[PDB]
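**Q** Give the three-dimensional model of this entry:
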Amino acid sequence: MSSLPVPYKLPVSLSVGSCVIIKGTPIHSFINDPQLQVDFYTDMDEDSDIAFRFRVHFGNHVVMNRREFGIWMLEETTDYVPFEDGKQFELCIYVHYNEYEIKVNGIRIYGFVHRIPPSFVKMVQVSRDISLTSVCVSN
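**A** Residues are numbered from 1 along each chain as shown. Next up is the structure itself:
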(Lines give C-alpha, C1' and ligand atoms only; values in the text may rest on other atoms or scores of the structure.)
Protein backbone atom coordinates (compact mmCIF):
# COMPACT_ATOMS: atom_id res chain seq x y z
CA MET A 1 0.00 0.00 0.00
CA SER A 2 2.39 2.71 1.21
CA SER A 3 5.61 0.78 0.53
CA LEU A 4 6.99 -1.65 -1.99
CA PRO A 5 6.73 -5.40 -1.50
CA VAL A 6 9.47 -6.94 0.61
CA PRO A 7 11.05 -9.11 -0.57
CA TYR A 8 11.57 -6.98 -3.63
CA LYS A 9 13.18 -7.98 -6.96
CA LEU A 10 14.37 -5.48 -9.55
CA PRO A 11 15.97 -6.47 -12.87
CA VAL A 12 19.09 -4.34 -13.42
CA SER A 13 22.03 -3.69 -15.68
CA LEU A 14 25.07 -2.30 -13.88
CA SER A 15 28.05 -0.52 -15.32
CA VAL A 16 31.05 1.19 -13.81
CA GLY A 17 29.66 4.50 -12.54
CA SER A 18 26.21 3.05 -11.70
CA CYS A 19 24.75 3.53 -8.22
CA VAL A 20 22.01 1.38 -6.75
CA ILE A 21 20.01 3.61 -4.41
CA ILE A 22 17.66 2.10 -1.84
CA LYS A 23 15.41 4.18 0.42
CA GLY A 24 13.67 2.46 3.33
CA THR A 25 13.04 2.38 7.05
CA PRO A 26 14.04 -0.28 9.62
CA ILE A 27 10.90 -1.83 11.10
CA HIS A 28 10.23 -4.38 13.83
CA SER A 29 13.25 -2.92 15.58
CA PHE A 30 12.19 -4.44 18.93
CA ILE A 31 12.74 -8.03 17.73
CA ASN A 32 15.90 -9.85 18.70
CA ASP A 33 17.78 -9.84 15.36
CA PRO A 34 16.32 -7.28 12.92
CA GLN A 35 18.04 -7.27 9.55
CA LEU A 36 18.31 -5.82 6.06
CA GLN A 37 19.57 -7.85 3.11
CA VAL A 38 20.53 -6.75 -0.40
CA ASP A 39 21.55 -9.39 -2.96
CA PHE A 40 23.07 -8.77 -6.39
CA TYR A 41 22.06 -11.85 -8.41
CA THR A 42 23.46 -13.00 -11.76
CA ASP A 43 20.06 -14.19 -12.98
CA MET A 44 16.41 -13.82 -12.13
CA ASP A 45 15.90 -16.88 -9.93
CA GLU A 46 17.00 -17.02 -6.32
CA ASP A 47 19.09 -20.16 -7.02
CA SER A 48 21.34 -18.12 -9.29
CA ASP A 49 24.75 -16.92 -8.25
CA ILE A 50 25.10 -13.90 -6.00
CA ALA A 51 27.88 -11.46 -6.89
CA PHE A 52 27.45 -9.58 -3.62
CA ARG A 53 25.26 -10.04 -0.55
CA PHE A 54 25.03 -7.15 1.92
CA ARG A 55 23.34 -8.36 5.12
CA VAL A 56 22.93 -5.91 7.99
CA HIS A 57 22.22 -7.05 11.52
CA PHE A 58 20.87 -3.74 12.76
CA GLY A 59 22.73 -2.38 15.77
CA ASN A 60 25.38 -5.10 15.42
CA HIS A 61 27.32 -5.64 12.17
CA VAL A 62 27.17 -6.22 8.40
CA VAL A 63 28.19 -9.46 6.71
CA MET A 64 29.08 -9.57 3.01
CA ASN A 65 29.88 -12.49 0.73
CA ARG A 66 29.55 -13.98 -2.77
CA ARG A 67 27.84 -17.23 -3.78
CA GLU A 68 28.79 -19.42 -6.75
CA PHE A 69 27.07 -22.71 -7.57
CA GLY A 70 25.43 -22.72 -4.14
CA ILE A 71 28.75 -22.21 -2.32
CA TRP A 72 29.61 -19.14 -0.28
CA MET A 73 33.13 -17.75 -0.50
CA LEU A 74 35.29 -15.40 1.55
CA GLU A 75 33.08 -13.67 4.17
CA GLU A 76 33.72 -10.02 5.10
CA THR A 77 32.33 -7.93 7.97
CA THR A 78 32.27 -4.51 9.57
CA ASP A 79 30.64 -3.30 12.77
CA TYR A 80 29.95 0.14 11.22
CA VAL A 81 26.15 0.10 10.78
CA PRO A 82 24.91 3.68 11.15
CA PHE A 83 21.18 3.13 10.77
CA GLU A 84 18.47 4.50 13.07
CA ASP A 85 15.41 2.56 14.25
CA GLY A 86 12.25 3.87 12.64
CA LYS A 87 14.07 6.51 10.56
CA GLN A 88 14.39 6.48 6.79
CA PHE A 89 17.84 5.70 5.46
CA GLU A 90 19.39 6.10 2.05
CA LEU A 91 21.60 3.16 1.11
CA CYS A 92 23.82 3.85 -1.90
CA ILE A 93 25.82 1.06 -3.53
CA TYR A 94 28.25 2.59 -6.02
CA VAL A 95 29.70 0.43 -8.81
CA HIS A 96 33.37 1.31 -9.18
CA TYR A 97 35.85 -0.33 -11.50
CA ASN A 98 37.33 -2.31 -8.59
CA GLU A 99 34.65 -2.53 -5.87
CA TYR A 100 31.13 -1.84 -4.73
CA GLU A 101 31.25 1.11 -2.36
CA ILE A 102 28.48 1.15 0.23
CA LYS A 103 27.36 4.46 1.73
CA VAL A 104 24.70 4.92 4.39
CA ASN A 105 23.25 8.45 4.36
CA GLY A 106 26.26 9.70 2.45
CA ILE A 107 28.98 8.03 4.56
CA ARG A 108 31.14 5.20 3.25
CA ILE A 109 30.92 2.14 5.46
CA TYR A 110 32.63 -0.47 3.29
CA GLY A 111 34.01 -1.42 -0.06
CA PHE A 112 33.55 -4.95 -1.38
CA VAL A 113 35.95 -5.89 -4.17
CA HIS A 114 34.40 -7.46 -7.28
CA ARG A 115 34.79 -11.19 -7.62
CA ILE A 116 33.02 -11.15 -11.00
CA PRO A 117 32.35 -8.22 -13.32
CA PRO A 118 29.39 -6.11 -12.13
CA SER A 119 28.04 -6.32 -15.68
CA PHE A 120 27.14 -9.94 -14.80
CA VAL A 121 24.51 -8.74 -12.31
CA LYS A 122 20.96 -9.07 -13.61
CA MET A 123 18.77 -8.57 -10.52
CA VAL A 124 18.81 -6.81 -7.15
CA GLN A 125 16.78 -8.29 -4.29
CA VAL A 126 15.97 -6.40 -1.08
CA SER A 127 14.63 -8.36 1.90
CA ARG A 128 14.04 -8.65 5.66
CA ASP A 129 13.04 -6.07 8.29
CA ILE A 130 12.53 -2.85 6.34
CA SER A 131 9.76 -0.81 4.80
CA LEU A 132 10.95 -0.07 1.27
CA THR A 133 10.10 3.27 -0.35
CA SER A 134 12.19 3.29 -3.52
CA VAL A 135 14.89 1.43 -5.42
CA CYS A 136 16.60 2.46 -8.61
CA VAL A 137 19.85 2.39 -10.56
CA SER A 138 21.30 5.86 -11.27
CA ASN A 139 23.75 6.37 -14.16
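**Q** tell me the SS of residue 119?
**A** helix (DSSP: H, G, I helix; E, B strand; the rest coil).
**Q** From here on, call the first residue 27.
**A** Yes, from this point I'll number from 27; that puts the last item at residue 145.
**Q** which residues pair with the residue most central in space within the chain across the strands?
**A** The centroid of the chain falls nearest to residue 64 when counting by C-alpha atoms, centre = their mean (2.8 Å). Using DSSP bridges, the bridge partners assigned to residue 64 are residue 80, residue 152.
**Q** That one and residue 56: what is the separation?
**A** 23 Å (C-beta to C-beta, to the nearest Å). Every C-beta, even on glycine, is put in place using the N, C-alpha and C of the backbone.
**Q** now do residue 105
**A** 21 Å.
**Q** Cross-check the contact I'm expecting between the residue nearest to the centre of the chain and residue 80.
**A** Yes: the pair residue 64 / residue 80 is scored as a contact, 4.4 Å apart, by C-beta atoms under 8 Å.
**Q** anything in contact with each of those two?
**A** Residues touching both residue 64 and residue 80 (C-beta atoms under 8 Å, 6 or more residues apart in numbering) are residue 119.
**Q** thinking again about what came up before, tell me who's in contact with the residue nearest to the centre of the chain.
**A** 46, 48, 79, 80, 81, 117, 119, 150, 151, 152, 153.
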